[PDB]
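Ligands are counted one by one from 1 in listed order, and the atoms in each one are counted from 1 as well. Throughout, numbering of the chain's residues begins at 1 and tracks the sequence.
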Amino acid sequence: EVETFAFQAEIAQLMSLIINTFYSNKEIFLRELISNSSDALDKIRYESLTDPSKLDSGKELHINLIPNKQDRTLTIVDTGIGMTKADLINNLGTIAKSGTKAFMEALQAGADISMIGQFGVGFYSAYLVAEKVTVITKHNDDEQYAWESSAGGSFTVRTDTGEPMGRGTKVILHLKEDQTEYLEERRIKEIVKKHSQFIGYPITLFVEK
Ligand SMILES: CCCCn1c(Cc2cc(OC)c(OC)c(OC)c2Cl)nc2c(N)ncnc21
């Protein structure tokens with residue numbers, strides 16, 4: 001069964017703001033996702049010091065950027081800690097609620113959208129460039145799941161019967177028609193070099209085709 005949930009009002013409201021505000025500097029969505037991945041890889045690495053069995057789902061700690069012009073997707077892959085079902089449905093949105101208030105407050109005071117990351121809600125910057133985001137994730141303690149939202153105030157969760165991923169997270173950005181620049185190799189390299197040059201894991205930019 002695919003299950004459908006309502007975002008908290010405040011989260012829905014943030015997402016509409018990100019979709020609706022005029023803001024040209026959309027490229028910062030990629031460092032927000034990569035930094036989420038880097039945080040997630042730090043977590044698993046730390047947890048495995050006191051529990052080496054946590055890496056039985058895979059030792060390699062890395063980030064892949066995968067463009068696909070044919071599906072119009074950019075996918076951000078990591079082998080970090082992953083998320084559980086309770087993360088996806090409840091936990092993450094509960095934390096996200098206060099970062100959302102603070103972010104929204106700071107924007108009136110003239111902070112700008114590029115600062116979303118300081119408020120723990122940088123994931124939603126994905127909606128600057130994506131018409132739909134699909135999140136595939138596998139935590140050690142749990143099953144593999146697919147979360148997916150086109151905003152509009154709802155999200156879905158189902159158990160994923162697709163490829164098994166070992167441990168980690170794929171964020172599949174289904175790009176808006178006029179955002180296909182983020183599928184171009186030189187563009188991605190440029191942004192990674194500009195905003196994400198000091199990440200402590202290998203980041204592989206896959207090329208087509
Ligand atoms: C915000 C901290 C943790 C959530 N998280 C995120 C960011 C994130 C945050 C969310 O809430 C604020 C969120 O809920 C809609 C989310 O969706 C599945 C993701 Cl994807 N990315 C990763 C990742 N690559 N690996 C592990 N955990 C992640």
- prompt: For atom 26 (C) of ligand 1, what is the nearest protein heavy atom, given as residue, atom name and distance?
  reply: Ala40 CB, 3.4 Å

query: Are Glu3 and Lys85 close enough for a salt bridge, meaning some N to O gap below 4.0 Å?
result: yes

query: How far is atom 7 (C) of ligand 1 from its nearest protein heavy atom, and which residue and atom name does that atom have?
result: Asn36 ND2, 3.3 Å

query: Less than 4.0 Å between a side-chain N and a carboxylate O, is that true for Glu185 and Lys189?
result: yes

Side chain to side chain, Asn140 and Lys54, heavy atoms closer than 4.5 Å: yes

message: When you compare ligand 1 with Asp78, is there at least one nitrogen or oxygen pair between them that comes in under 3.5 angstrom?
response: yes

field: Ligand-residue contact atoms, ligand 1 with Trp147, heavy atoms, under 4.0 Å
entry: 15 (C)

query: To the nearest 0.1 Å, how far is atom 14 (O) of ligand 1 from its closest protein heavy atom, and which atom is that?
result: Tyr124 OH, 3.9 Å

query: At a 4.0 Å cut-off, with the gap strictly under it, does some heavy atom of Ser37 reach an atom of ligand 1?
result: yes

- request: Report yes if the side chains of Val133 and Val171 come closer than 4.5 Å at any heavy-atom pair, otherwise no.
  value: yes

statement: When distances are taken from atom 11 (O) of ligand 1, the protein heavy atom at minimum range is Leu92 CB, 3.7 Å

- request: Look at atom 9 (C) of ligand 1 and say which protein heavy atom is nearest, naming residue and atom and giving the distance to 0.1 Å.
  value: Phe123 CB, 3.6 Å

Closest approach of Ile113 to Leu107 (non-hydrogen atoms, all atoms of both residues): N-CD2, 3.7 Å

- line: Apart from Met165 itself, its cluster of hydrophobic side chains linked below 4.5 Å comprises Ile136, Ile172

message: Using the ring centroid of each side chain, check whether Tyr182 and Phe29 are separated by less than 6.0 Å.
response: yes

- request: Show which atoms of ligand 1 fall inside a sub-4.0 Å distance from at least one heavy-atom site of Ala96.
  value: 12 (C)

task: Taking the side chain as every heavy atom from C-beta outward, state whether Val135 and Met83 have any pair of such atoms under 4.5 Å apart.
output: yes

- prompt: Taking 4.0 angstrom as the limit, do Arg187 and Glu181 come out as a salt bridge?
  reply: yes

statement: Going by the 4.0 angstrom heavy-atom rule, the piece of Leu88 near ligand 1 is side chain

field: Nearest non-hydrogen protein atom, atom 20 (Cl) of ligand 1
entry: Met83 CE, 3.4 Å

field: Protein heavy atom at shortest distance from atom 1 (C) of ligand 1
entry: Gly120 O, 4.2 Å

query: Can a non-hydrogen atom of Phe7 be found less than 4.0 Å from any atom of ligand 1?
result: no

